[PDB]
Structure formats: C-alpha cells, structure tokens
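The form deposited in one PDB entry is given below as one chain in structure tokens.
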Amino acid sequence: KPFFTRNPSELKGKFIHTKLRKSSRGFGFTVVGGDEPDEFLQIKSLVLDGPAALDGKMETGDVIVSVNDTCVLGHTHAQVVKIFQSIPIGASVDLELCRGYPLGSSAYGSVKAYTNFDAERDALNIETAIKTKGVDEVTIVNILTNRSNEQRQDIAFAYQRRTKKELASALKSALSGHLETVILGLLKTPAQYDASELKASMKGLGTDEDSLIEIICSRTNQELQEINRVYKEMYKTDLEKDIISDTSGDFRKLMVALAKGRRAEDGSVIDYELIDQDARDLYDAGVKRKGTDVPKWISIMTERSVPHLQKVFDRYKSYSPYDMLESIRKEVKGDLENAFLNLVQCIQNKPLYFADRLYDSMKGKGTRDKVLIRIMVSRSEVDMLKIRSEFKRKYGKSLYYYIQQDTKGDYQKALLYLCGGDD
C-alpha cells in the first residue's frame, strides 16, 4: 500500500536539489521501485567514490521527484533510466530529491523511522538532557525510542562530531539501572546488539544457556551472517569458537550447526516427498526406537527450510502419537531439550515464540529484565506487531498491560514506546 502521489504539493519530508556530472561509470547510484504504476522511485544505494557519493547530497531512500526540470512522479522504472542514460559523459543532471519517505522497512515492526529526522537537532536535544542537572531521562526516552535503529546510528555520529565524546559513553555515565540497559542496547546495530548479548551469555563456565538458545534459534540466515562478522570485529574470535568453548555434547553440535547460518533457503517448489521422508526420519530417530538418534534430528531441523519444516512437523503428527514439541519433551532432556523446544517454536510460529518468552519473563515474581529488554530491543523493528497480536489473543490482556504492571519509571516508558500503541 505504500503512499504515492503524483502532485509535489502532497509530499511530506524536505526537498533537496543536486547537480551530478556524468562520469565514465554513470552517476554512481541505483534506483528501486517503478513496476507498480503508483510507486515511487527511491535511491537504494550509492556507489562509493562515485559522483552521487562524492557530492554528499544524495542519500538512500530519497524519492526522485524531478529529473532535469521534469517531474518524474509516476514514471516507470524503465522511463527514468532512459533519461539518465541519454545524458553523455561530462554533462550534468538536476535531481530534486525528497527525504522523508522510508524504504525496506518491516511491515510488522513497532518502531518506525521518524519522518522529519534531524540528526543534528536530536544530538543537540540529547546533550541538553544529558547535561541537565538531574539528567532529563524523559527527553532521552522520547527521542531514542522514537527513532529507527539506523537513525540512532546517525545521532551517535552527530553527537560525537559536536561534543567530541561518544553518545554511548555520555549516556552510560548519565543513566543507571534498567533504563541504562535499554538505552545502550538501542544504540547498537542489530548485529552488534546480538553479538554482545551472545558474548554476555558466555561470560564464564556458568553459561546463560537460555539467552544463548534464544538468539541462535531465532535469527535467520542473513541475520546470522551479519552476527558472525560483527562478532569477530568486536572480539577478535569466531562466534563458533566461543560456542565450542562454553558448550559440550549434542547441545554443542546443535548450537554450532544453527549458528553457521547455512540453512537451505526457502524453495519455490514444495517437496511433498521430502516432507514425508523427513517426517518419518524424525519418527524413526525418536519415539519409535529406544533412545534417540540426535544427529538425525539436528541434521533435519537445521538444514531444511523453515516453510519445509513447518510442513514436516504437521506431517509428523500423522506418524507419531505425540506432536514434535511433545516428542522433544520425552526423547531428550537438559539444555539439549530446551534448544530443540525453542528451535521448533521459532519454526512453527516465531511471533508466538517471543510472546511466550515475554509472558514467562513477567508472569512470576519479579522480572527477567534481561530477557524482557532483549526481546523488546531486538524485535522492535522486525515483528513486534505480530508479537503483540499473538500475545493478546492467547493471554487476553495486551503485552502493553503486562509491561505496565511489571515495570515502573522511565524504564517502563521506554519499554512501552518499543511496544507501541496506547492500549
């Protein structure tokens, strides 16, 4: 449905004019959109060292409004690239760009990108709140929980360019308690946050196996590829190496296999014969025999695609008297059991999986603030709306309500903003 208009008097954000001279390799940027008749054309990326980058005015997500004094709102994708390719080398082009319409965002997240974003103005108001006697946490929460994670990356850049000190440093010295734990987590890129939460769970021989299972069993292939890279840049050791250090047994093999992020991508053709054979092989390895063939479970549940395994688990009920989750609760035990239980829940319904973990972190005495904060931070821009939807259906009350009754202060207001809505 993304908003579209052919009249420039109906655009939201601010406007930018540019003059780019065509080089031997073009203007140095790519464009997306343009199939759908009513679809904007937006800058997807800028070739570094190219004309668009070395001019510094063009940014990703910019709606191309007009090219060479000709409005291109509603132009097809092929009609626009013909304008840029008709320009000879050495000649320039006039681009009117609109900043304020977003791009590859998640339809199910709760924290969306601020339209009238001003990284300089935000870093200004944060410093004023940080330096306020009796630190003004209200404004800090009002800004950071209302910006996208990449917008927070720009605020951290602007804050350091003005005060010559890091934003994470100044906020760590000004905040305390659980509010600090939330705000510092919101300032990390999703890979950096996961990479830090993983190392934090392998602090010693007393590994937090719960947090290790949560991050590994829920992250996709593309998310885990980024985690493995960022984890080595930050800690100078492979994520797999620390997992091998602080795990053992079949639980080690299941965590290492999932962390590689080499799961077979979702296929376009449904393999009905493999769905049945995988279902029988899970049954033959577990309930049907004495003991369990754990390697056969790890191979099937980590290598097949998620849409495939969902069909495998439904077909599995045709052979076994107990479904896949109940089969796990009696074939294996311990940390291995907790891993297979979480993995299967992330395959069947991942939003429902995080809804249960939020309920578990708040149902009892006190709060598992560690689990609660990580789920709200990590899932705020991915599927937070689906998490709230499954939560209210199953538990009657909203996720907002359970956070309200279990947390207080500005720490509560930070979590409620990441949850979204007024309830």
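Each form is matched to the other, and the largest set of C-alpha atoms that superpose within 1.5 Å is called the rigid core. Residues carry their position along the shown sequence, with the first being 1. Residues that one form lacks are left out of the comparison.
The form deposited in another entry is left out here; the points below concern that form.
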CA of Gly56, rigid core aligned, shift of 2 Å or more between the shown form and the other one: yes
Exceeds or equals 2 Å, Cα of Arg263 between the shown form and the other one, core fit: no
Direction of the Cα shift between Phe29 and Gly109 in that other deposited form, where the change is 3 Å or more: closer
Cα distance between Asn116 and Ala52, which in that other deposited form differs by 3 Å or more from this form, closer or farther: closer
Rigid-core superposition between the shown form and the other one, with residue runs of at least 3 whose C-alphas all shift by 2 Å or more: 3-105
